[PDB]
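So you can see what is in the structure, the chains are spelled out below.
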Amino acid sequence: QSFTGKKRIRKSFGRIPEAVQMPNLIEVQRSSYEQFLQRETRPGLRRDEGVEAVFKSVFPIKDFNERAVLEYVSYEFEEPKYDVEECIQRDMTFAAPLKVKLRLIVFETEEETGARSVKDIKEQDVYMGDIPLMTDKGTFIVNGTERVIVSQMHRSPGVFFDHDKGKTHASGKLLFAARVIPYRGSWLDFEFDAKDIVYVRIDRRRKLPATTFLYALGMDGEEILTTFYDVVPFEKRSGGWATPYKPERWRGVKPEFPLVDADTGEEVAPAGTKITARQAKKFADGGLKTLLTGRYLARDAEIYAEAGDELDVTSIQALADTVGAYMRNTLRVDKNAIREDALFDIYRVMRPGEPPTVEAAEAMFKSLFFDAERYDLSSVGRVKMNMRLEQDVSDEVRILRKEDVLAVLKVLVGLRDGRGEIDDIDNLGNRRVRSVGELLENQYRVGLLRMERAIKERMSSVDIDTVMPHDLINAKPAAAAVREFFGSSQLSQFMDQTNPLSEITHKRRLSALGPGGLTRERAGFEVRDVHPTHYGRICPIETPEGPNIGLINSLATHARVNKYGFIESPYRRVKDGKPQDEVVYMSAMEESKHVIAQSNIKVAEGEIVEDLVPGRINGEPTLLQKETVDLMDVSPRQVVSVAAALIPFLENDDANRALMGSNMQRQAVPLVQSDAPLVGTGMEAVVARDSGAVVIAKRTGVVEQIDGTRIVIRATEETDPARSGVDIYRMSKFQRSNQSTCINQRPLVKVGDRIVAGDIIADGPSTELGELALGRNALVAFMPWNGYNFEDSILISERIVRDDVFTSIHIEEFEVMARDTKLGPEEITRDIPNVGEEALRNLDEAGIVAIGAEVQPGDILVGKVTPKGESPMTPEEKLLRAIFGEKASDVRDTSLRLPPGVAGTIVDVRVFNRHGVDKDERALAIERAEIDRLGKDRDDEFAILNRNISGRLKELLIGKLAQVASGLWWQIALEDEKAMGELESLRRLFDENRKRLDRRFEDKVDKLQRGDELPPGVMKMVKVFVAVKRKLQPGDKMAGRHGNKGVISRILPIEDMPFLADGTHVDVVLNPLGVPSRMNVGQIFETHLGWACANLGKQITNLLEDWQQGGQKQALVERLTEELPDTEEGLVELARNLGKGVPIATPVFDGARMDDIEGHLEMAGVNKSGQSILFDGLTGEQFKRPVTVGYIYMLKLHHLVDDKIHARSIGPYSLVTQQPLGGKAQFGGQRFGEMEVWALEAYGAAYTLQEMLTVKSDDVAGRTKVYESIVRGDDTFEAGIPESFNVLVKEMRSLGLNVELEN
Amino acid sequence: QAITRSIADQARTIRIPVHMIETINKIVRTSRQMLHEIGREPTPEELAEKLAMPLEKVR
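The rules behind each value
Residues numbered from 1 in each chain as written, not as in the entry; some residues may be left out. Chains lettered and ligands numbered in written order. Part of a larger assembly, values for the part shown. Heavy atoms only, no water. Residues with missing side-chain atoms left out of burial classes, pairs and counts. Helix = DSSP H or I, 4+ residues; strand = E, 2+ residues; numbered from the N terminus. Contact = heavy atoms within 4.5 Å. Axes fitted to C-alpha atoms, helices over the stretch in contact; angles between N-to-C directions. Parallel < 35°, antiparallel > 145°, perpendicular 65-115°, else oblique. Left-handed = near helix turned anticlockwise from the far one by under 90°. Nonpolar A, V, L, I, M, F, W, Y, C, P; charged D, E, K, R; others polar. Pairing = 2+ DSSP bridges. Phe/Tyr/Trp six-rings, centres within 6.5 Å; stacked < 30°, edge-to-face > 60°. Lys NZ or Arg CZ within 6 Å of the ring centre and 35° of its normal. Polar contact = N/O pair within 3.5 Å; in protein donor to acceptor, adjacent residues only side chain to side chain. Salt bridge = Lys/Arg side-chain N within 4 Å of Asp/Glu carboxyl O.

Method information in the entry identifies cryo-EM as the source of the structure, with 3.8 Å recorded as the resolution.

Right under this line is the structure:
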């Protein structure tokens, strides 16, 4: 509706979802880094979480040998030296330098004095390093092909009680391993065994008793059982049975002793329940019973008592003047009764080789757990512990307190037999999600600890008095940590940027693998499941199908990450009956106590009138009444993610097949002319507006002009005097995405159309009218057409390839180097000798391909002339050279060439010359054209700025014959001074803005002329950007919108396709067998809705062609579409977009039911059966059955046939094994594996196996022989010893083995 | 002296000479001090004159 739906009005189908607006999709990583990098003034730097906290915790250090402190005042964040648009091309680190304040003091002097001559601080400052400031779209550009950091889901810090499921048990008993997982430190395990004893299995190394751990803390021995036992009201020998005991625990126990009352009696021999005996004892002023022996007497008891509780007596020496049995058993099994022995045992467990010492062992345990420097348990860990086991306020303390271990042991021994449920280790709230913010904070803390160690080692040598500021602080490990985090980290491994949805789903991707979490193998079948608390916070359908399933599940559309780390999904809070509007993001930990009722419930005008609303009180869904309901779901799509929210009729799809469709929504290339789906989802507009590569109007003013490359916008309807002026949006042209695909933007706004702030001005890759459009809607017939779609393959019409509707660009952008080799500097001149003139075409004098010249597969791209030594002089080659008179070229051909493909044209050829000698004799015209275009765009920006400035000045002066004097823009030419002064101030501010722009442009041109950033070896690097125009050739993995994937079948002409009743031929002919097998019947419902929308569009466009803007057309649009009536004259433009089918925004779970689709088909002139008569195209006959012919939203998934095809008879071979390389990188060969060699082994094809893995690949002396034989004509070969067996016997011979052939 | 004499040999996998190891250490120390005091990373041609050595040798 905000200039994005007015021309693409989507008839919504949700009942009434307006609980809470969904947050920004990229807001997860944005808000994460915005607590890791404040980037504001001093009062805004107060952040207990982020880089500031770790820095202030690691930066201040002391010197115990010289009394030198290194204080931290604050750090100042500077702007990035390179812009994102300029850093994407330079392929450098889009980072900003970190400036931190230093203060070294020597006040603490000797002679019992606290102030020295240099006691005053110096206020130093050191260049910490450059950190990759998060882009506005959340990309984290470290180099070319920007990689976004996926969030990680590691085990949240805190105590855990993983009750064993019988595995590793004696016979069938449980273990109840109480393990506290610290945020940064050593793990602790308090598991049990078959002997019913608690063992502190520290970090799963040894199984020493917990009594040693208690002795290490100091609270063990005669004081550890105080909270476990107590004194009994027993007496001594006297008349009868005298004892001042109170009966309070004798119920449900047989009367082993006659504990009858004193006067009358009680405690009968039955002892059934003691319901009356307890009441009588309580009402009789105490349960005075007149009565064991073999009990536990380990209570507090040195003159008459002794250590240990083992009497086996009848209380000799005047007695020394079934719920809990764990503590007494561990104290006896422990062989260490002294804290020193426990410390020695702990030291031997941790470091068995090192000899344990008295103070060394005590220091080891303290540094391990009692030290906050090593056992850095985050605040989230402490709060999680306080919630699991109740404790006092401990947010400040991080290390596990001595009282915390006691409470952990008590809760463990309580939960061993009931007394509260265990803490599931596979809970969403139990698994706190970490993002790029926390990950970078932890790795920067590690780097700062390394830098602190280096500074402590270096400060002992250099004195602090009269020392150069920041001379001992290093900067290598500071930036090295972030470089490794963005260079080869598992979390920063890649950024799926095939389309705006792939970026969002990749940014909102919680990967459970990587450093700090379980690897791909470590996952297992437990973490690869979906817990009930995952509902609303993490999508259960959108997940990779490969081995990493359940580990890289993306975050929900509404879910947010709290400050602690837990995922907080929104929940519309409701009172008794009446559901209020107050919403709160309830974390998964606090969601268990609260009862939740799902959305899509029939609520009345003021409350819910169902009284049997569905929902789940804690994970398990049940039928909760209207009352006793406090939390309600915000929207039905809260459970699905961004990539899954765009699946129309997703409630109809299968739980498994929707995972296939949700994964391909993010795996759809950006198509040219791609329009929004007719049966799309309302989430598409939000995902396209809250994604990257789409320019959003940051102002309210009206657009001035649009030329594709840029779009100028006025300031606003109410703009400040000199705040920002006009804001021009430089539209991103066809640049190679991270997936080697196109990223193009089109100025959807027209010249002279007012646009409010916050809306999408120009569409991004695969978008139309602001809405996300992964592909184009094509007429689909779900019928098996002549077997071309027998399997999941998808038949195709020529109209979907002839009209250029499913064609992308896929800019490869190959890279070439000119590194100075040891045998002379490598050259990039015109061409290498011994090359035909046909391949040298399309090359300028520099040697690179001309910008815009089509290059066939294998043609010369950049001539690389690499000097080397004299090649091996062969006699035949020397004779040939002497015969032809030529001379042997001393240089080897190394010019870059295009691999086998259909790339063709070249978009951009960027050259990065060395700073030393740049543009000397190569790439001069390239840099000249670059500076010419830069000056041209600068002049255009200056002209538009001057135009809008003159317009504003005229608007301001007209209110304060001006046409006869146009030169009075800077002078009033009258007696006025206040107005003239204000105009002069505004003009000087605008001139300062122009000067700042000119300064930025001159800095850019100076950086270009001085030499771009090049590696240390290569001096001239050419980055040729070749762009393809891949059509819909047979082989492209054109998958549907719901999960019905399939390779495109043979491209049938637009004549053989099945004819419709109106004469139109369907663009695709799918297979109906995919619906019954994989229950994705929503694809059929989605196709019916698309057919209804297409018929409505054909009816409206057929109604506008006869009468443009007719009085009756608005009536039909209102009947079909209420936010439709618009006072503007855009109705003539809205129908132009609706002619291709009126789009629909169907919710993920509140869309149109069967009755809604039926009514839509009736009102859209569609047959009520949903299908339609479809005449055959091949032969031509009315099919004797209703065929479904709708407008399905097909995609153009990146798994094409071009990027996946491969054929290499003989390519470059490896070195360790001399085998052909793998993959399509460099002429690879399909690896013939053990499981694929067994296919021929079981077969009689042993000659193939004697030539496929003997002479084909791993026979350097047999491969050439067989190739020469095949070229000669005879199909004979020979191969005795392959290179694989040779390297194997050489490796075995490397050891003490005697692998040696014989006879 | 023994660690610096041996670390300079059995650490690069190519047995870089001791004097070349000390030269590269001096170069990296100069680059670090320049990043700390002067500002951005200096060009490789500037490091040749910053240490009073041949320009081609530093390259």
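## Structural notes on the overall build of chain B
Secondary structure summary: chain B contains four helices and zero strands in total. Element order for chain B, N to C, with α for helix and β for strand: α-α-α-α. By sequence separation, contacts in chain B at least 24 residues apart represent 15% of the contacts at least 6 residues apart.

## Comments concerning the overall build of chain A
Across its full length, chain A carries 31 helices and 41 strands. The principal-axis extents of the C-alpha atoms in chain A amount to approximately 125 × 105 × 85 Å.

## Description of the packing of helix 24 (residues 1082-1104) of chain A against helix 27 (residues 1154-1163) of chain A
Residues and elements named next belong to chain A. Contact pair helix 24 / helix 27: the axes reach a minimum separation of 9 Å and the direction vectors enclose 25°. If you check the angle between helix 24 and helix 27, you find them roughly parallel. Judged by the twist between their axes, the crossing of helix 24 over helix 27 is left-handed. For the pair helix 24 and helix 27, contact is made by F1085, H1088, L1089, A1092, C1093 and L1096 and by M1154, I1157, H1160, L1161 and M1163, respectively. Residue composition of the contact of helix 24 with helix 27, grouped by class: nine nonpolar, two polar and no charged.

## Brief notes about the interface of chain A and chain B
Taken together, the contact pairs eight residues of chain A with seven residues of chain B. When its residues are assigned to classes, the side of chain A that touches chain B shows two nonpolar, three polar and three charged.

## Some details on the sheet that holds strand 4 (residues 151-153) of chain A
Residues and elements named next belong to chain A. One open sheet holds the three strands; their spatial order is 10-4-11, and the pairing between them is mixed. The sheet is open, and its two borders are formed by strand 10 (433-434) and strand 11 (510-511), each paired with just one other strand. In this structure, strand 4 lies alongside strand 11, joined through two bridges in parallel fashion. Within strand 11, the position partnered with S151 by the bridge is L510.

## A short note on the packing of aromatic side chains
Residue and element names in this part refer to chain A. With a centroid separation of 5.6 Å and 85° between ring planes, the pair formed by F190 and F213 is classed as edge-to-face. Here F213 lies in helix 4 (residues 210-217) and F190 lies in the loop between strand 7 (188-189) and helix 4, a separation of 23 residues in the sequence. An aromatic cluster is present here, built from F190, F213, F365, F369 and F370 joined pairwise through their rings. Looking at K7, its charged tip hangs above the ring of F3, at a distance of 5.0 Å from the centre.

## A few points about the side chain of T4 of chain A
Structurally, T4 of chain A can be placed in the segment before helix 1 (27-36). Within the structure, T4 of chain A has its side chain in polar contact with the backbone oxygen of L769 of chain A (distance 2.8 Å).

## What to know about unusual backbone geometry
The bulk of non-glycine residues show a negative phi, and the bulk of peptide bonds are trans. Residues and elements named next belong to chain A. Notably, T145 is not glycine yet its phi reads approximately 60°, a positive angle. With a phi close to 60°, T466 is a non-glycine residue in the positive phi region. Mapped onto the fold, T466 is located in the loop between helix 12 (436-459) and helix 13 (476-487).

## Topic: the sheet that holds strand 20 (residues 703-706) of chain A
Residues and elements named next belong to chain A. Spatial ordering of the open sheet is given by 20-21-22, a layout of three strands whose pairing is antiparallel. Of all strands in the sheet, those with a lone pairing partner are strand 20 and strand 22 (727-729), marking the two edges. Adjacent strand axes in the sheet meet at a mean angle of 15° when their direction is disregarded. Across three bridges, strand 21 (residues 711-713) lies against strand 22 in antiparallel orientation. Paired with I711 across the two strands is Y729, which belongs to strand 22.

## Overview of the pattern of salt bridges
A side chain of one charge can pair with a side chain of the opposite charge if their charged atoms are brought near each other. All names here are of chain A. Its salt-bridge partner being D1156, residue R15 comes within 3.3 Å of it at the nearest N-O pair. Among the salt bridges present, the one from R1010 reaches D1006, with a minimum N-O distance of 3.9 Å. Placement of the pair is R1010 and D1006 together in helix 22 (residues 978-1010), with a separation of four residues, close to one helical turn.

## Details of the side chain of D1036 of chain A
All names here are of chain A. By the secondary structure assignment, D1036 is in the loop between strand 36 (1020-1026) and strand 37 (1048-1052). A polar contact is formed between the side chain of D1036 and the side chain of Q1033, at a distance of 2.6 Å. Not counting residues within four places of it along the chain, the set of residues in contact with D1036 comprises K1031, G1046, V1047, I1048, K1196, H1199, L1200 and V1201.

## Side note on the environment of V1266 of chain A
Residues and elements named next belong to chain A. As for its position among the elements, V1266 is in helix 30 (residues 1260-1272). Expressed as a C-alpha distance, the spacing of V1266 and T1276, which sit 10 residues apart in the sequence, is 7.0 Å. When near neighbours in sequence (up to four residues on either side) are disregarded, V1266 contacts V1255 and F1277.

## Notes on the environment of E86 of chain A
Residues and elements named next belong to chain A. With respect to the helices and strands, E86 occurs in helix 3 (residues 84-90). Note: C-alpha distance between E86 and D285 (199 residues apart in sequence) is 88 Å. Not counting residues within four places of it along the chain, the set of residues in contact with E86 comprises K1004 and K1007. In terms of polar contacts, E86 uses its side chain to reach the side chain of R90, at 3.1 Å.

## Quick word on the packing of helix 4 of chain A against helix 9 (residues 358-370) of chain A
Residues and elements named next belong to chain A. Two elements in contact, helix 4 and helix 9, have axes separated by 11 Å at closest approach and are oriented at 90°. As the angle between them shows, helix 4 and helix 9 are arranged roughly perpendicular. In this structure, helix 4 uses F213, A216 and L217 to contact helix 9, whose residues at the interface are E362, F365, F369 and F370. A breakdown of the residues in the contact of helix 4 with helix 9 according to their chemical character gives six nonpolar, no polar and one charged.

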